[PDB]
Each structure stands twice: as C-alpha cells, then as structure tokens.
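Here is the structure we will look at, set down as structure tokens.
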Amino acid sequence: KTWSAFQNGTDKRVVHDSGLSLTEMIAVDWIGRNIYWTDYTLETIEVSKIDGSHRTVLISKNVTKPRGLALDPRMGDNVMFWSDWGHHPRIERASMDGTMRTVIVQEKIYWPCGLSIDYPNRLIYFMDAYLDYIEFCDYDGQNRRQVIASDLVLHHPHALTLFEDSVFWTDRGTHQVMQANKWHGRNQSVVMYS
Amino acid sequence: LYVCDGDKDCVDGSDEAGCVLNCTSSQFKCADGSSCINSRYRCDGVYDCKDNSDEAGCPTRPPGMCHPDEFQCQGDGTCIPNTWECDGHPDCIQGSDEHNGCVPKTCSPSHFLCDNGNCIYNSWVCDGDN
Amino acid sequence: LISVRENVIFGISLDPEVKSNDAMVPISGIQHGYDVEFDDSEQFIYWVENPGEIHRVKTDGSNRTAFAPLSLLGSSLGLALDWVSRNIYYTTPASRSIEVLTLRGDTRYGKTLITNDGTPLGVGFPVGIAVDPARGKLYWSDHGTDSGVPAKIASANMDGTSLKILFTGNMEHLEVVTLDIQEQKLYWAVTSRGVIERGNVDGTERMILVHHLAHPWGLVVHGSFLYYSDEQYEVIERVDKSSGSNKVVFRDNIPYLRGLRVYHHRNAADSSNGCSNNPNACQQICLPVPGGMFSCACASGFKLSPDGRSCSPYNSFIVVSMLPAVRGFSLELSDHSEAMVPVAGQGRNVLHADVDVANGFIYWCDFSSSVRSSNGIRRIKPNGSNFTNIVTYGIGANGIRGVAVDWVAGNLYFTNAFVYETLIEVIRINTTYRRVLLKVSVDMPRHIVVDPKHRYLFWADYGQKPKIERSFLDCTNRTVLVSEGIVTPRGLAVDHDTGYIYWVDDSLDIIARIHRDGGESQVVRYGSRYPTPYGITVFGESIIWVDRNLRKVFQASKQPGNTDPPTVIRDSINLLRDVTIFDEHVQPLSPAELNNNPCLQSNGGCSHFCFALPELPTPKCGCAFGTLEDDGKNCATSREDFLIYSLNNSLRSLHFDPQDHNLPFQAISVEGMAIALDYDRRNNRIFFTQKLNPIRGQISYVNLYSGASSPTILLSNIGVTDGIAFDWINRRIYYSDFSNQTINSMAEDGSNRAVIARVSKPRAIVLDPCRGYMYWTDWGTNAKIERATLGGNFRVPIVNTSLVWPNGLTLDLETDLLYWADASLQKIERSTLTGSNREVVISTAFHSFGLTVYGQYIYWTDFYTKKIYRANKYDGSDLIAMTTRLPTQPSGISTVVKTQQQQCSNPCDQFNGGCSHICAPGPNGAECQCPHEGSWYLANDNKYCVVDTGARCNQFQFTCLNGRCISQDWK
Amino acid sequence: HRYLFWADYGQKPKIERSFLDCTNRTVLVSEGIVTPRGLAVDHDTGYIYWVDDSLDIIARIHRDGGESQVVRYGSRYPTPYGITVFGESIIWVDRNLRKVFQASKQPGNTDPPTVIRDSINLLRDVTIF
Ligand SMILES: *[C@@H]1O[C@H](CO)[C@@H](O[C@@H]2O[C@H](CO)[C@@H](O)[C@H](O)[C@H]2NC(C)=O)[C@H](O)[C@H]1NC(C)=O
Ligand SMILES: *[C@@H]1O[C@H](CO)[C@@H](O)[C@H](O)[C@H]1NC(C)=O
Ligand SMILES: *[C@@H]1O[C@H](CO)[C@@H](O)[C@H](O)[C@H]1NC(C)=O
Ligand SMILES: *[C@@H]1O[C@H](CO)[C@@H](O)[C@H](O)[C@H]1NC(C)=O
Ligand SMILES: *[C@@H]1O[C@H](CO)[C@@H](O)[C@H](O)[C@H]1NC(C)=O
Ligand SMILES: *[C@@H]1O[C@H](CO)[C@@H](O)[C@H](O)[C@H]1NC(C)=O
Ligand SMILES: *[C@@H]1O[C@H](CO)[C@@H](O)[C@H](O)[C@H]1NC(C)=O
Ligand SMILES: *[C@@H]1O[C@H](CO)[C@@H](O)[C@H](O)[C@H]1NC(C)=O
Ligand SMILES: *[C@@H]1O[C@H](CO)[C@@H](O)[C@H](O)[C@H]1NC(C)=O
Ligand SMILES: *[C@@H]1O[C@H](CO)[C@@H](O)[C@H](O)[C@H]1NC(C)=O
Ligand SMILES: *[C@@H]1O[C@H](CO)[C@@H](O)[C@H](O)[C@H]1NC(C)=O
Ligand SMILES: *[C@@H]1O[C@H](CO)[C@@H](O)[C@H](O)[C@H]1NC(C)=O
Ligand SMILES: *[C@@H]1O[C@H](CO)[C@H](O)[C@H](O)[C@H]1NC(C)=O
Ligand SMILES: *[C@@H]1O[C@H](CO)[C@H](O)[C@H](O)[C@H]1NC(C)=O
Ligand SMILES: [Ca+2]
Ligand SMILES: [Ca+2]
Ligand SMILES: [Ca+2]
Ligand SMILES: [Ca+2]
Ligand SMILES: [Ca+2]
Ligand SMILES: [Ca+2]
C-alpha cells in the first residue's frame, strides 16, 4: 500500500494499493494535484488524483522496467522523466500526459538507480550502479557531465535528491546516506550512519 | 529510540556502546556479540548483524524469479544479466554473483582491460568519462 | 481478456497487436494470485489467493473488499459465477468442500453443496469449478484423495443433489477445468504430461487439442478461440477452438503466470434459468437445476421446511472449537448440516468458546504468540449477521487463556496471562466497564468457568503444583477443590443442574468430577481408550468431550463408574480443542432455576457491575472506576481528589472523570517554566520546580486553601532541577539537579539542606516514608533505577537491565508497586519494590514526561502530542486522553488526594522500627521484644537483644549483637 | 501364567510383559502412566496392579492387556509407593500419610480403606510372606 501522512505523523491515510517490488518511485504534483508512480512487475507508469479518488495507467508500450521517475510541473515545461532497465537500458522523457515521448540518454546506462531534477538549471541527475557513477544532463540530453564516478565511493546506490549546490544519495552496500557537491563532488560527507 | 538499537548512528557509536548484551525475547543472536536484533529481520536481505549471520540460516528463493537471460541474487531477490555474474565486480548486494569457482572471464580484442580487472569497449578508452 | 500473475491481475485488449496492458484498472498488491471471475452487471472482478483470501474489486477501482473472510476455511482454489441466479461458487480443499454464496444484496447466504460422503462421487480435493446457469449444471476438477475418490472431472447440479463422474485416468496434477456454453464442451489441462484436453459435458468424448506445454495455467474459450498460458514458457497465447493447429501469441516473457478469464456483457435474459424466472421464490438461497426447474436451500445455521420456501434457524446445537475454526453440529446425529455459520479465516487460533443463548451470541478467544492482532476475545452470532471484538487491548504476552460467560448478570470473565503474572478480569458485555478482580502471581489460571445458580466461579491452574480453585463472582474468596491427582487439566466444565465440576486430563488420561463443596474426587472414563481428551462440556445426563489424537467427538453418561462403550458424534475432525453447547436448557433464566439470583432483574440496580454472593439475598455492586456510594448501587470518582500538572508557567488542575470538565482549582501562573510538582495534604499546598532560563533552577511553594496567596520561594538559584518529591512523615523535600548530577534534600522551610546521592541525569525521585525508602532514575551510562534509605546510607539497583532511558518514575502504595517509563523502548513497566516481577503496561504510541497513579489508573503527560493520557495500571486495557491538544508541551504531573495516610499506621515497618527483633505494634510508639526463650536483654535503646548474661559496659559506647561494645564514632 | 512383567520409568513410561527367558516383549500399558512407583501381580487371577503417586491412582490390567481398570483414585491417596495382592485384598503403603492400607482389589469399590500400621516413616514397598 501507499500511505499519506503529515510531517508530524498524524492523519495516516491510504492513497492506493501498490506493487510489491523493491524498485519503485513516486512523484507528486504541487500544481496539478496529481500523483504518479511506477510499477516494476506490470511494467507500467500510472497516474492518479492526489487523494487517490481517480486512477489511470498512462504509459505501457515500452516501459520494460522503471527504476526512476521525476517530474517538472511548471506552467512552461510540463515534462515527465523516467528510466528503464530493459535489454536496452535508457532514460526516457514524455509530456506529463504521455502525449509526447522522447529518449534522452541511452549510450552508457547499464543499471540506472536514481533520477532527480534540478529546476533552476533544468537539469536531470541520474545514478548508475554498474559503472558506479552520478551524472547529470539537461532535459534534452545534449549537455552531460559526471559528478562522481568510482568503485570506492559508490557501491550500490538506490536514491538521489538535490538541494542547493549539494546532491544527496543513499547506498545499500555501505548502509549510508551521503552528501556531496552536485557540480564536481570535491566535497563528500556522511549524513546518516548505520 | 536510537540510543540502543544495535545501529551505530554516529561516528564513534556513543549510543550503542552503553547498551547491555543479554538477548531479550524475540532478539535473534549473533556470534560477534555486537548486538541482539529483532527476529523479523532474519530473512529480509540486510546483514543486520556484524558477522553476516542473521540471514546465514535463511533458505534459498524460488528459482523461477528470473528470465533465462538473467541471474538471481539470493539476499536481494533481484535479477541481473548473466554476463555480470563472474565479471569480477560484486554486483549483488551480498555478492551472490561471484559464486564458488567462476572459471575467470577474460577480455577480447574489441575491449580493453584496466587496473581493476575490468573489460571496457575500445571506444570508451578515451572519451572524457572514467 | 483478463490474466493473473501471483502478484498482479491485468487486462489485455482482445486483438493480438494491441500490446497495451490497461484494458481495466489493474489490481496491485496481490500476494498469492490464483483464479479470477468477473461480474459485468455490477462492474465487479473477484480473485482468489492460495494461500490466501477471496477478494472483490471494481473494474474502475472505486471499491476493494474481502468477500468471505469469516466462513472461508483454508484457501479457495477455484471460482465460478452465475449471473442469472446471482450466486457465486467456490471450492476449498481444507474442508474438502464446494460452497455456494449469494451476491444478491448486502446480506450474504452461504451453504456447502458438495463434500465428502464416503462415495467416490463425492468431492475430494476440488481445484477447479465451472457452471452453466441455463442448463443448471456444475462441473469441477478434483485431484482426489485416499478415500478412493479418483483424480477426476465431475459433473453435478447447481443445487448439489446429483453427482456423476465424466472423465478419469491419465490424470495426475490437473489444475483447471473450463466450459463452453455453445459447444457444451469442457476443457482441462494436465501438467504431468503437458497437454490440454477437450471433452463433452456428458462424458461421451475425450480428445487432445494442444501437444507440448510445461505447467500451462489457465483456459478460456470465447467465440472461435481458446486461450491458455504457460509458466515455464512464460507465455499467454490463443489457438483455434476448432483445430488446435494454428497459434497466435498475445504476450510473452511474463513470469508467475496464473489462470485467465474473458470479460463481455453476458446477459441473464438470454442465459435465463428457473431462479431468474422466479425471483423471491426462496427465502435464503435459490439454485437452478436441469429442465429449467429450481431448488431452494438454507444458509449455514438454518434448516429447510416442507413448504420449500422457508428456512428456520438452529436453536439447539453443539459447538466445537478447533484451532483453525469454530463449528456447530446438530443434536440429531443423523444431521451433518452446519448448525451455525462457521468461524474461520486468517489469524484463527481458537482456544475457548462460550455462548449467551438468550441473546443469540457465541464468544470465543484467539491466542497466537507471533501475531498481536490474532490475540483477543470476539463474539459472533450463529447466523453470521454480527461480528464484534470484545477484548483486543491490554492483553498479556501469554495471551488470554480462558473465557467464561454469565447470562444472568450479563458479565464476561476472562483470564489474561502476562510473563510472571496472571489476571482474572470481568467486563460488562455491552458497556466499556472492565475491571481486574484478581492478580494471581505464581499460580497460572487458564481455564475458567462460571455458574450463576450456585453463585460460584471456578478456574484451573497450570503451573507447578497444578490445582483447581473455586471463588465467588467477585473473586473476594479463594478456595482449592483439587490439589492431588492433577497434572494437565486441559478442560474444565460445570454442570448447572447438579452443581458439579468435571475436568479432563491428557497426561493422566482421565475425566474426573468433584462437588462444588470439594471433598471426594470421582472418576469417569479413565484408561488408554481416552488418549487425549482436550475439552469437556456437560448437558443433561451426558458429558460431551473431544479427543485430539482420535480426532473424535464423544458422548457418554456423566455418572461415575459407568462403562458403557461411548457414543460418537463426529469423526475425522482435526486439531480439536474445545466443546460447548448452545441450548436454552444449559442456560436457565427462571428465578426458581437460578435460585433467585439478584442480578437476574435490571442488573440488580448496580451502576457498573452486579455480583451475586453465595447466601447474600441482596445484590452486590462493583465499580470499574472510582469508588462505591452509600446507596449501595452507584459509583463516584472522588471529586475531593484531582490531578495537577504545569504547562510552562500555568499550573492547572484536572478531574479523574474525563467527562467532568470542571476545574478543581482555577489556573495559576508562575515565573518561567514549572517542570515538577508535588502536593501535601497538611497545608493544601503544592511544591513546584521552576526553570528561569537554560541555566537557572528554582524551587517554590504555593497554597490553594490560603485564599489566593501568590507563590513563595525556597531556593533562588540551583542547577536546572527536573524532579521533586515530598516526605510528609519527616517533613522533608527531595529534589534532583540535571546541571549538577545530584540528588539533594531540604526541609519544608529551606532552613536546612543535605545532599543524598550523585547520579548522572537524575530525572525522577519517588518516596515511601513509612518504609524508609527513596527511589531514583539514572539514564546515563548503565541506565538504572536505584533504591536507598531516606538518608542514602544503603544503596542497591532495583532495575539495571533491559532499561535504556528511564525518564519517569512513580510508586503506588495501595499495591506496593513501582512504575517507570522508558523513552528509548517507548514503554511503561511495573514491578514490585524488590524488582522480582516485571510486566509491561503500555508499548504503543508512547512519549512521556511525568507518571502518577490513582485508583485503577496510571496517568502520564506527553510532550509530542501535547496531551495527558490515562490507562489501566495492570494491563493498559483502556487508553484515553484527559485533555484536548494543550497550548504548549506538558510537564510533570502529580496527584492531590485528601485521604492520604498522614501518619504511619504500622510503625514497625521502618526497618523493624529500628529494632533487630519482634516489634510490638505501637504501644507507646514503636517498641521492641526479644525471644521469650533464653536470657536475652534489650540494649542501645530498648532495641538490640543478643545479651545472654546482662553483662555491663559503659554507656558512652554502642553495644552490639554478640555482647561487645565499641565507641559510637565507629557506629 | 509363565509371565514376567516390568515397568519402565523413562520418557513415554510403559508397562511390559515378557516370557521367563525375555525372548518376547509386549507392552500392556502405554497411556495413563507417569510415575509407576510399584508393580504387583496376582498369582490367583493373573492380573497386574500398579500404583502411581503422580496420577495418585491404583490401577489394574489383565495379563493379555486390553481394558485398564481403576482402584482407589483421588486425593485420599497422596503417594502410594508400593502395592501387593493377597486373597481378595490389595495392600499398599503411602509415603505421605505414613500408613499401610488394605482394601479390596475389585475395581469400583469405595468402602473406606483399612489401616494396618500408623506412623511409619520412609515407607517404600510392601510384600507378603
Ligand atoms: C448487547 O447488545 C446486543 C446487540 O445489540 C443485544 O442483542 C440483542 O438481544 C436481544 C435479546 O436480549 C435479541 O432479541 C436481539 O435480536 C439482539 N440484537 C442483535 C442485533 O443481535 C444484547 O441483548 C445486549 N445484551 C447482551 C447481554 O448481550
Ligand atoms: C517501442 O516499441 C516499438 C515497437 O517494438 C519500437 O518501434 C519503438 O522504437 C519503441 N520505443 C522506444 C522508446 O523504445
Ligand atoms: C569543501 O571541501 C574543501 C576541501 O576539499 C574545504 O576546504 C571546504 O571548506 C569545503 N566546503 C564546504 C562548504 O564544506
Ligand atoms: C538475561 O536473559 C536471561 C534470559 O535469556 C535471563 O534468564 C537472565 O536473568 C538475564 N540476565 C539479567 C542480568 O537480566
Ligand atoms: C464504494 O465506494 C463508494 C465511494 O464513495 C462508497 O460510497 C460506497 O459506499 C462503497 N461501497 C459500495 C457497495 O458501493
Ligand atoms: C449488528 O448489530 C446492530 C445492533 O447491535 C444491528 O443494527 C445491525 O443490523 C447488525 N448487523 C447486521 C448485518 O444485521
Ligand atoms: C470465604 O471463605 C471462607 C473460608 O475460606 C469462609 O469461611 C467464608 O464464609 C467465605 N465467605 C463468605 C461470605 O461466606
Ligand atoms: C509559555 O509558552 C509560550 C509559547 O508556548 C510562550 O510564548 C510564553 O512566553 C511561555 N511562558 C513564559 C513565562 O515564558
Ligand atoms: C553544584 O554543586 C556545587 C558543589 O558540588 C556547588 O558549589 C554549586 O553551587 C552547585 N550548583 C551549580 C549550578 O553548580
Ligand atoms: C545489576 O544488579 C545486580 C543485582 O541486582 C548486580 O549483581 C549486578 O552487578 C548489576 N549489574 C550492573 C551492570 O549494574
Ligand atoms: C500535526 O499537524 C496537523 C496539521 O497538519 C495538526 O492538525 C496536528 O495538531 C499536529 N499535531 C501535532 C502533535 O503537532
Ligand atoms: C511372542 O509374541 C508374538 C507377538 O509379539 C506372538 O505372536 C508369539 O506367539 C509369541 N511367542 C510365542 C512362542 O507364543
Ligand atoms: C533453494 O530454495 C528453492 C526454493 O525456494 C529451491 O528449493 C532450490 O532448489 C533450493 N536449493 C538451492 C541450493 O537453491
Ligand atoms: C577469454 O574469454 C574469451 C571468451 O569470452 C575467450 O575464450 C578468450 O580466449 C579468453 N582468453 C583467455 C586468455 O583465456
Ligand atoms: Ca543507534
Ligand atoms: Ca536481515
Ligand atoms: Ca559480477
Ligand atoms: Ca572513457
Ligand atoms: Ca495421553
Ligand atoms: Ca501425589
């Protein structure tokens, strides 16, 4: 199941039933009052009303194995991004209503495990657990750079988040949460231990 | 809540250092004597105790979980391409990919071999990405 | 098209090139997916899980529910639906049965159509089911059993009255059967050979249609095409119904594949049958039969009448309990029909069942070590119309081990088992009134039974030296009926006619009876012929009992010495645990039958509880909370006593009655933050602890009775003090300091100060002056609770294990119990003054600053929720919040009780009143005595005694046991 | 009757019957035995009687097994430690009552017992000469 609560633990409620897969992502719209989530067993991307009252399946034709989902709901952008782990692992972008679809990164993805957006710069940040890297590109994939890449720092990443000039990620191989500088990684810190 | 849970939540573990080690009810026990931990964790896939012995007792998973093009990870219950199994890098969370004796895999001329014993396509050798 | 996978259900469009997978809103969260069925007239889809439960959801996602959770035993394996009669059919192997349920309206009706009957035609292990409504025919597939039932495809009538076998042989590991209504043909698949076969509904022909598969789940036929799925090939594909020679594939590389269905607007007018033609023609269930005719049937717990239109409920039946379910059997052993709607489903572990025949209820208790929700007491009606939870909060670690019901008083009695303690509690059946009547300590009462005619309550004990005990309905009296000859009393029963008690033992392998007044024990059906009698009941001139090893229910005559071979009621029942009877005769209600029980009429006028006491013509009343009043019937909550707490500056008062929103005293405001409070009965005054800034601690006192006098100050600047305690016998104040890691003592006016002990982070102090002890909490390294004398001269840790962050401590002098709170483990624990017994009172949603105990309740204040909470001090069986969300984070709490013992009633308790030997009860104050044998003599004062010759030494010394004197400085 | 009988005190206690050369083993009682402190045989009828201080029971069985029968059960017999059979009577000793008792061996009889000696300490077994 999927649950919604307040930042103080009160008013626990159920949005909708959810898939049993350990690889799942949820996205929310602070404008459209809609919620989007990924399904790894049915191989689908689904949209609903933030209160869960209405449900629909939005993309099903090529999303072999979703491992990441990110949204930009601003009036002038209205874009949705997700990552797939099929035999042709790629990062795909589509209008928030699925009426437009494009492939943004497909040349070196092998085990995508993170997807996050940086709204001021209009950048995408994604993580790969096979080549062990954190890399960012633009909404079209025509600008691309690598923040952190080494078998020493990244062992088994699973989630990525961004705040100011810092990037935060989680690693299952070291049971840790890490903070770094999102442009060059020349600053590294441990946010939570064990 | 955190000051006695078997998890060293800070650099020196000041929280856990003060706790007793007697294994109250439902607390599964570990040989290193580090901490006693709740039974529910026994087969969830996390090495909850220091000497890797909470899950060590657990049984194996249904083999039908992955396609023939894939290999399965016992601790995580996840599927990874067959080529990755014995490539020389631990891909599974608990290292289930490098198993027993691998008959070590080698690198062909269309690829390059580096310091860490990994094989990479020749075009990648010098393009700006490590 | 609809396809199932062990964790997902999804819909495919029926053309093979449309690869979209959202023809319907999917069904996520499935755990053990199995076959599915659909109803289009209400936009519903139903699915089964094995192991699991039967669930229905709507095609648009608007609703999701579990359809038959209380009657379903084990897991179902196949579903069939009838849209003409509006009936659903499902098959369950755990009960070797095929069952029918009615979808029409909000009121379910359910019966079992086919089960074991010794014949090979009967149902064995039914895995597959298909139905045809227009022709009134039902078809099922069954793996068979060791009863001679073959692996088969069988045909029956939807009313269950006819059985025939269509196909057999070459059938091992057969999973699904499906029917085609236009062809009148049946299709099934076999995994042992990898083939799909077709047959005729009359058994006239058998043929093979698909040749190479590996575990092919699912068959469905629509129009000219047949669809099947394969597990090992991970594929779902379609083939020509008429040829089997050409194939198309809809989806591939899909894992954990399961069976399939097709969704279309099938209509009842075309598929019409007798039930559709004659609506409302049956009172409960309507089942079609061949030739367009129909049949009527009653739900479980009901029987059918010669008119065929009506059903009548069973009013006299036997009730049997098994760990997985509760079932009823007719008194007529020729009737194998269910006498009550069974009780079965997830979490079932039934230990005991009891009945309230006059009100129409059955009450049972569930006990599981590994699952919290499974433990409890629940009541249901034999018709299944009502289900309720009676006791689900405040259950000990060892669960509830016994339930007894009293139909005269309208009371329920149960036993609750904690770690080192057991409790016997009574609850009024329809009101939030629950009380604890007895705390049993070393004895372990499990089985409990009550008799209102003789006004006695009986229970059995399972610990060391097991025994059977007799008590009164208020547990104010305890007596032992049997001590010798008991090892494992698995069951206890009482006879309401004769007033005799019977018990069964599987270690002794004996059934034995005793008389309510004790005395001579008597033996029934002893020997190896009774390997494991687990439950017994008494009815008329007979006793009925169940045996775990023989898997049987037996009836015999209760008089001892009889040896007629027993009588059998039901064979082959697994996990039998208890037997009970549901008949008006076992629960009389006439005053002449109940010996004029006072509670029989209007609860005897008692407000909370009514308890008939042997040989007392008037009722007796008990209060769940508060105290009892001189009218002998009502209860009050001592408005003379109140609770006092501080928010930051505002000292506020509260009443123990959560409905009495009046304030004991209006609110008072003080400088800074008031953190800790204590009150004294002598002055009607409060002593409080004040924090002025993060560095300055202060102590002040305020008066309630002295008009409206403002505060007075005792100490102006000390470290931040977080705890205060008062001693009214010695007129001393004790306080703790967090900034200085110290516990200090002072006098009522501050003119005298002393320091008692040092402990890191000394949050709380507790005092007992008549016994001379003080207790304190240390949450630093090696977190402990510690006890010392009022002067700190002796010191010992009361609790130093399984404790991490003790931040609250309180003591109750009525029970001599100590309670503490831990913020790391988020729980409240109670123990004795020695720490020899330990129990947990609250373990859920727990944050707390203060702790205080009054009456049957324990109270604490919570800074996270900004609320004050009240619970029951023995088990936490009740939880309520005394206040709305307060304006700011609460502080510590104290109680104002006017009935305090302002003087010690037993002066010898202060370390023998200071003596070494026998202390006299206050003749001229505390006074001392030596053994009357031997020439002993009283010394130091009139105090030490080991002086056998009256030998002399100088008074400036101190004179010891063993006859030696030493300078006082060495004392 | 050319039979040899013995009682077993380990896990799953039982009573067994054998031939004088122990070449045959058979079990007469398995259920209803916890602490068989004493075993006696009747040479007239060929019946076997045993006493138990855990069960607090005196019970008899037939040399060919089958139906178990009960004598003087209840709290009135706290610790019967030894039993012997003589004529129409059984004689047994009780460790807690410090007494020697005589009663009739037929089951179901409940005549109050008869006493032979009082105040005997540490009683363990009775035999007849
Ligand atoms: C407790 O409440 C139940 C449910 O309201 C009462 O049940 C009714 O009992 C009367 C007889 O006293 C029946 O005629 C009604 O059919 C019952 N109603 C239902 C809904 O079942 C019950 O009487 C109350 N008291 C006790 C002691 O159970
Ligand atoms: C989706 O699948 C179709 C058909 O297999 C293919 O032509 C198309 O390139 C795919 N699109 C993506 C983004 O993979
Ligand atoms: C980043 O790291 C450098 C050293 O590499 C250090 O001097 C600097 O203070 C760091 N900055 C922050 C904001 O942590
Ligand atoms: C340690 O735990 C055991 C039970 O596992 C208990 O018997 C023992 O008393 C405990 N020791 C202490 C010091 O509490
Ligand atoms: C189904 O869900 C709706 C949501 O509003 C609710 O009104 C209704 O009571 C539920 N149950 C039924 C049977 O429709
Ligand atoms: C359950 O009981 C209540 C009253 O106690 C009654 O109103 C309700 O109808 C009952 N439930 C059903 C399904 O009849
Ligand atoms: C309670 O039991 C005692 C014996 O234990 C008995 O003397 C007394 O009469 C009983 N109480 C009443 C009210 O009869
Ligand atoms: C009590 O708390 C409120 C906020 O909760 C604060 O504004 C007020 O100043 C506090 N009292 C004192 C005396 O500071
Ligand atoms: C703490 O204790 C010391 C003596 O041990 C005393 O001098 C001091 O005044 C106390 N209070 C504070 C706030 O240090
Ligand atoms: C705990 O208390 C016991 C006595 O109750 C004592 O023997 C033991 O040493 C204590 N252990 C600790 C760590 O304080
Ligand atoms: C939690 O937040 C909700 C509003 O989001 C509020 O109603 C509630 O009082 C808050 N509770 C606490 C304990 O702060
Ligand atoms: C020995 O016992 C067996 C049964 O255990 C019996 O069949 C056999 O007859 C006995 N021996 C003799 C010589 O009778
Ligand atoms: C492990 O368990 C699975 C089922 O969960 C199979 O039984 C498999 O054969 C087992 N054995 C090994 C070593 O994988
Ligand atoms: C390495 O493996 C490849 C196949 O992937 C070839 O077998 C090659 O011959 C191997 N090289 C060595 C040195 O054994
Ligand atoms: Ca920790
Ligand atoms: Ca684990
Ligand atoms: Ca590898
Ligand atoms: Ca490169
Ligand atoms: Ca037995
Ligand atoms: Ca005894």
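Numbers in chain C come straight from Swiss-Prot, and the residues shown are 1749-2719, in order.
Per the header of the entry, the method used was electron microscopy, 3.0 Å.
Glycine is treated like the rest: Cβ placed from N, Cα and C.
Quick look at what Swiss-Prot annotates:
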REPEAT    C:1791-1833  repeat 'LDL-receptor class B 14'
CARBOHYD  C:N1811  N-linked glycosylation site
REPEAT    C:1834-1883  repeat 'LDL-receptor class B 15'
REPEAT    C:1884-1931  repeat 'LDL-receptor class B 16'
REPEAT    C:1932-1973  repeat 'LDL-receptor class B 17'
REPEAT    C:1974-2014  repeat 'LDL-receptor class B 18'
REPEAT    C:2108-2157  repeat 'LDL-receptor class B 19'
CARBOHYD  C:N2131  N-linked glycosylation site
CARBOHYD  C:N2134  N-linked glycosylation site
REPEAT    C:2158-2202  repeat 'LDL-receptor class B 20'
CARBOHYD  C:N2178  N-linked glycosylation site
REPEAT    C:2203-2246  repeat 'LDL-receptor class B 21'
CARBOHYD  C:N2225  N-linked glycosylation site
REPEAT    C:2291-2333  repeat 'LDL-receptor class B 23'
CARBOHYD  C:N2396  N-linked glycosylation site
REPEAT    C:2432-2478  repeat 'LDL-receptor class B 24'
CARBOHYD  C:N2488  N-linked glycosylation site
CARBOHYD  C:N2548  N-linked glycosylation site
REPEAT    C:2564-2605  repeat 'LDL-receptor class B 27'
REPEAT    C:2606-2647  repeat 'LDL-receptor class B 28'
DISULFID  C:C2701-C:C2713  disulfide bond
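Around the Cβ of C:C2713 (disulfide bond), a 10 Å sphere holds 15 further Cβ atoms from the protein chains shown. The repeat 'LDL-receptor class B 27' (C:2564-2605) and the repeat 'LDL-receptor class B 20' (C:2158-2202) are in contact, since at least 3 Cβ pairs between them lie under 8 Å (pairs 6 or more apart in sequence). Same-chain residues lying 6 or more positions outside the repeat 'LDL-receptor class B 28' (C:2606-2647) and placing a CB less than 8 Å from one of its CB atoms are 2139, 2141-2144, 2164, 2166, 2171, 2173, 2180, 2182, 2184, 2187, 2388-2396, 2401-2402, 2406, 2412, 2421-2427, 2429, 2434, 2470-2471, 2556, 2558, 2560, 2563, 2565, 2567, 2569, 2576, 2578, 2589-2591, 2593-2600. Long-range neighbours of C:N2178 (N-linked glycosylation site) (same chain, six or more residues apart, CB within less than 8 Å of its CB): C:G2158. Looking at C:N2131 (N-linked glycosylation site) and C:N1811 (N-linked glycosylation site), their Cα atoms lie 26 Å from each other. Each of the glycosylation sites C:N1811, C:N2548 was scored by the number of other CB atoms within 10 A of its CB, and the lowest score belongs to C:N1811. Among the recorded positions listed here, namely C:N2225, C:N2396, C:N2488, C:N2548, C:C2701, C:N2396 has its C-alpha nearest to that of C:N1811 (N-linked glycosylation site). Within 10 Å of its Cβ, the residue among the glycosylation sites C:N2131, C:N2134, C:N2396, C:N2488 with the fewest other Cβ atoms is C:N2134. Taking a C-beta cut-off of under 8 Å and a sequence gap of six or more, C:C2701 (disulfide bond) has these contacts in its own chain: C:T2707, C:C2713. Outside the repeat 'LDL-receptor class B 21' (C:2203-2246), and at least 6 residues removed from its termini, the chain residues within Cβ reach (under 8 Å) are 2150, 2152, 2154, 2157, 2159, 2161, 2163, 2172, 2185-2186, 2188, 2190-2197, 2252-2256, 2260, 2262, 2264, 2266, 2269, 2280-2286, 2288, 2291, 2293, 2306, 2326, 2334-2336, 2343, 2345, 2359-2362, 2368, 2370.
Counting same-chain residues at least six beyond the ends of the repeat 'LDL-receptor class B 14' (C:1791-1833), those with a Cβ under 8 angstroms from any Cβ of the stretch are 1750, 1752, 1757, 1772-1773, 1775, 1778-1785, 1839-1843, 1847, 1849, 1851, 1856, 1858, 1874-1879, 1881-1882, 1886, 1888-1889, 1906, 1924, 2011, 2014-2016, 2019-2021, 2023-2024, 2034-2036, 2048, 2072-2073, 2089-2094, 2128, 2132, 2135. Among the glycosylation sites listed here, namely C:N2225, C:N2396, C:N2488, C:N2548, C:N2225 has its C-alpha nearest to that of C:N2134 (N-linked glycosylation site).
C:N2225 (N-linked glycosylation site) is surrounded by 14 other CB atoms, counting those within 10 A of its CB over all protein chains shown. Across the repeat 'LDL-receptor class B 14' (C:1791-1833), DSSP classifies residues as 0 helix, 19 strand, 24 coil. Rounded to a whole number, the C-alpha distance linking C:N2225 (N-linked glycosylation site) with C:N2488 (N-linked glycosylation site) is 52 angstrom. Contact annotation for glycosylation sites (C:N2225, C:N2396, C:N2488, C:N2548) versus ligand 9: C:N2488, each with CB under 6 Å from a ligand atom. For ligand 5, the nearby glycosylation sites are C:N1811; that is, of C:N1811, C:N2131, C:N2134, C:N2178, C:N2396, these have a C-beta under 6 Å from one of its atoms. The residues of the repeat 'LDL-receptor class B 15' (C:1834-1883), classed with DSSP into helix (H, G, I), strand (E, B) and coil, number 0 helix, 25 strand, 25 coil. By the rule that a residue counts when its Cβ sits under 6 Å from some atom of ligand 8, the recorded positions C:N2134, C:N2225, C:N2396, C:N2488, C:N2548, C:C2713 yield C:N2396.
Filtering C:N2131, C:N2134, C:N2178, C:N2396 by Cβ distance to ligand 12 (under 6 A) retains none of these glycosylation sites.
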